[PDB]
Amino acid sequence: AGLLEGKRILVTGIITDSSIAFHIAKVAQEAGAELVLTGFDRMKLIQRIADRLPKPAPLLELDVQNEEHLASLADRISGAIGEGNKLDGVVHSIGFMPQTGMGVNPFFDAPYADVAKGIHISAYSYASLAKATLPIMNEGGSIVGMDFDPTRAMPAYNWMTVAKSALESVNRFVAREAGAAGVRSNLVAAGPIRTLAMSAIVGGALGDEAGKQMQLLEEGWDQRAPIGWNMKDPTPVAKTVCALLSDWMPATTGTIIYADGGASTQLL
């Protein structure tokens, strides 16, 4: 009798247990969903993390830059869930930008090969993921991507901002294409979440002045947010993704839902 009871959902993007996708996975299972997970590169590390989830789930290798991985993905998912079953949700929780395109490096100093890799992984793969999973998706199903509001420029985020702007545009076209199968596509735009990478920045991995500066951008996010914002708590985000994966927003597609405490809606 759970929100996602009986739903079969692909969840990409787990690498640690601070991963947003880890908590999407956890909440989805606690809501009654059966999952199929995917991981990139460190497959053994990903299996160990995934065993900490409430329930076991099949894990599949997927490098979104790998054409062969994508071509076979739907075949491998179907064997996972059964030749006759189909997915009801797909969670895109994948991002990447080399340190030349995001960090202390000047914005003009990022070579395009690096930016191009970052946009491939972070934006284009939303479309290629949808292309690879839509043939085995049910009608009324739901594809959800993870966003960080790129409406305005900001320090450090740099070319990852540009990738997110691209991802928002891709989402609207995925919505169009998925719509013919009866499948919705949306993004969830989250506030900052303290992953292990994000702590490293507080710890100084890009400079000590930055750790303070970001620690104060986070305090400013909490100040702007009318209901506050706790960056150590990804659970609100995970619940929002499950909201989109459920049957309760059945006419919403091509859009961005903000799970950020309202901070985007307040000037200061």
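One rule holds for the numbers: they count along the sequence shown, beginning at 1.
Look at the mean CA B-factor for 85 to 93 and for 181 to 189 in the entry; the higher one is 85 to 93. The stretch 2 to 10 shows the higher mean C-alpha B-factor when 257 to 265 is compared against 2 to 10 in the entry. In the PDB entry, the Cα temperature factor peaks, among 225, 231, 243, 205, at 205.
Set against one another, the Cα B-factors of 131, 120, 76, 164 in the record reach their highest point at 76.
When all modelled residues of the chain are sorted by CA temperature factor, residue 136 is found within the highest third.
In this PDB entry, the Cα temperature factor of residue 170 sits in the bottom third of its chain's modelled residues, the lowest group. In the PDB entry, residue 110 places in the middle third of its chain by CA B-factor. When all modelled residues of the chain are sorted by CA temperature factor, residue 195 is found within the middle third. Compared with the other modelled residues of the chain, the Cα B-factor recorded for residue 100 ranks in the middle third.
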